[PDB]
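Some notes on the structure that comes next.
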Amino acid sequence: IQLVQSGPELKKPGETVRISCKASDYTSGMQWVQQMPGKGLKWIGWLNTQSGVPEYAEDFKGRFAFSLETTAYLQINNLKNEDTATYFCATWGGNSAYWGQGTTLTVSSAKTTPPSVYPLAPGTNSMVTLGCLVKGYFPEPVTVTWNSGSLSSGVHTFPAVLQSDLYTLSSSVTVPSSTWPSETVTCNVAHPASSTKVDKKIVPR
Amino acid sequence: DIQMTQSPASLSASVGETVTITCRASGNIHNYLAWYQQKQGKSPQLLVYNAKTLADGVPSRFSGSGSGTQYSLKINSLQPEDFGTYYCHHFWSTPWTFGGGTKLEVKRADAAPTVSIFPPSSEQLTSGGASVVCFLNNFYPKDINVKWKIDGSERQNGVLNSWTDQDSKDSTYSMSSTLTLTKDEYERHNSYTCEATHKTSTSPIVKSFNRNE
């Protein structure tokens, strides 16, 4: 048994969004859970598929509603910035629980903007740390790789911080001084929302 | 409305040790409690339901106990995949509330951060901007503070920080500090210093650069 949810969503304050959760086998009933970035799990309510009776939690009564079809829906009305989060669906049966992969929802008035990628090079040891600054983009996320994925060791991308209505983030990569600048080191930034892809070669100063 | 109070919020242990996580209900829930595990924002995995029954496929080092309003999840002989966040969730009466959660992190030896400072790039300066970046990589424990200095004077405005989660491969934490300025503000000064304060040193762990060099 598996639960699949609809892809990411981007809406403006005050709009409506419908999130689907379709099972493969379809009994029991289902529930929805909300999880804001960096926060704990919050219960939205559950739906007794048998009696069709939905039951919501105080903070979700009014703007959140459950519906069926093998596809349960979670529709939210009059979206607020604070509705930004990941929403999970879940059912139960036998000796376990089944949850959806989750669905991200971003609710902002912000305008979809591609990122500006800058090379972060050293102002020498056997190891050298390089980086890439991904500034002023919206919305999330933004996938960052190094040398098309060839460089996956000594690499880590920091979480994005929100400034203005735009996100900024940077990626760090550590390689041998014997490798760079001799061998090419390029960071690859992809921003799905803008269908953008940028490559920045890390050139020594 | 029965609320769940979960403690501790944070826990540090090492592979092989045993930890206990507790949840207390503001009212009797008659064992209608479920324990979940969540890793890297991914989907939660049921560990125990009805307070003491293990879900399908859950290792036996996991066990739940309790009754009435007091319950706890015990994990013994911690395996490396056991580290993540845990949550209790009752379903006795609506609303089925979750506990505040418990972040279980890996305990390893102390490690001072490796500091790197990066001047604004040519491309950015050309556009009129000047973001000075500093990396404080691979340190442990996670507590750390960063302080910027321009021509020997502390700088607080224009600074934005980001913190990674415990790395899955070396159990360390990393941080990113960025001082944003305009091409003009940036060119009015010569020395830029990134200073970290970590328990692995009673002195600042620094790295800096000078435009005029």
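Labels used: A, B, ... for chains in the order of the structure tokens, numbers from 1 for residues in each chain, and numbers from 1 for ligands as shown.
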
Write out as number ranges by chain the residues lying within 12 Å of residue 63 in chain A, counting only C-alpha atoms and excluding same-chain residues fewer than 2 positions away.
-> A: 14-18, 44, 56-61, 65-66, 74-80, 83

Taking only C-alpha atoms into account, report as an MDAnalysis selection string which residues of chain B lie within 7 Å of chain A.
-> chainID B and resid 42:43 46 55:56 95:98 100:101 118:119 121 123:124 162:164 176 209

How would you write, as a PyMOL selection string, the set of residues in range 28-135 of chain B that DSSP gives as strand (DSSP E or B)?
-> chain B and resi 33-38+45-49+53-54+62-67+70-75+84-90+98+102-106+111+114-118+129-135

Residue selection dump (C-alpha atoms) as a CSV table (one decimal), in the first residue's frame:
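The new file out-v2.csv reads:
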chain,number,residue,atom,x,y,z
B,33,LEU,CA,-0.8,6.8,21.9
B,34,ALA,CA,1.4,6.5,18.8
B,35,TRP,CA,5.1,7.1,18.5
B,36,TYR,CA,6.6,8.4,15.3
B,37,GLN,CA,10.0,8.9,13.9
B,38,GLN,CA,10.9,11.5,11.3
B,45,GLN,CA,7.4,6.4,10.2
B,46,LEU,CA,5.2,4.8,12.8
B,47,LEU,CA,7.2,3.0,15.5
B,48,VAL,CA,4.7,2.1,18.2
B,49,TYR,CA,0.9,2.3,18.4
B,53,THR,CA,2.7,-2.4,20.4
B,54,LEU,CA,5.5,-2.3,17.8
B,62,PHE,CA,12.2,0.1,20.4
B,63,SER,CA,9.6,-0.3,23.1
B,64,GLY,CA,6.8,1.8,24.5
B,65,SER,CA,5.3,1.6,27.9
B,66,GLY,CA,2.9,3.7,30.1
B,67,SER,CA,-0.8,4.1,30.9
B,70,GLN,CA,2.2,8.9,31.4
B,71,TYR,CA,4.0,7.2,28.6
B,72,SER,CA,7.5,6.8,27.3
B,73,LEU,CA,9.5,5.4,24.4
B,74,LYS,CA,12.7,3.6,25.2
B,75,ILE,CA,15.4,3.0,22.6
B,84,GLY,CA,16.3,11.9,14.1
B,85,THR,CA,13.2,13.5,15.6
B,86,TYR,CA,10.5,11.7,17.6
B,87,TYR,CA,6.9,12.5,18.2
B,88,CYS,CA,4.1,11.1,20.3
B,89,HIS,CA,0.5,11.4,19.0
B,90,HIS,CA,-2.6,10.4,20.9
B,98,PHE,CA,1.2,15.6,18.8
B,102,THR,CA,12.3,15.4,20.6
B,103,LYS,CA,15.5,15.8,18.5
B,104,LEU,CA,17.9,12.9,19.2
B,105,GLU,CA,21.4,13.9,18.0
B,106,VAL,CA,24.7,12.1,17.8
B,111,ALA,CA,35.6,19.8,17.1
B,114,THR,CA,37.1,25.5,10.1
B,115,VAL,CA,36.7,29.1,9.2
B,116,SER,CA,36.8,30.5,5.6
B,117,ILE,CA,36.1,34.1,4.6
B,118,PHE,CA,35.2,35.0,1.0
B,129,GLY,CA,26.5,44.7,-4.4
B,130,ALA,CA,29.0,43.3,-1.9
B,131,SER,CA,28.2,40.3,0.2
B,132,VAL,CA,31.0,39.1,2.3
B,133,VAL,CA,30.6,35.4,3.2
B,134,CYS,CA,32.1,33.3,6.0
B,135,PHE,CA,32.0,29.6,6.6

Running DSSP on the backbone, which parts of range 29-173 of chain B land in helix (DSSP H, G or I), as a ChimeraX atom specification?
-> /B:80-82,122-126

Near residue 80 in chain B, within 12 Å and counting only C-alpha atoms, which residues show up once chain neighbours fewer than 5 positions away are dropped, as a count of residues only?
-> 15

Residue 190 in chain A environment, 8 Å, only C-alpha atoms, sequence neighbours closer than 4 positions dropped, as a VMD selection string | chain A and resid 142 to 144 195 to 198

With only C-alpha atoms as the basis for distance, which of A:111, A:26, A:21, A:179 is at the shortest distance from residue 193 in chain A?
-> A:111

Contacts of range 2-12 of chain A at 6 Å or less, counting only C-alpha atoms, minus same-chain residues fewer than 3 places along, as a list in words?
->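 Result of the neighbour search: residues 15, 19, 20, 21, 22, 23, 24, 100, 103, 104, 105, 106, 107, 108 and 109 of chain A.
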
Compile the contact shell of residue 31 in chain B as an MDAnalysis selection string: residues with an atom at most 7 Å away, counting only C-alpha atoms, same-chain residues fewer than 4 positions apart removed.
-> chainID B and resid 50:51 67:68
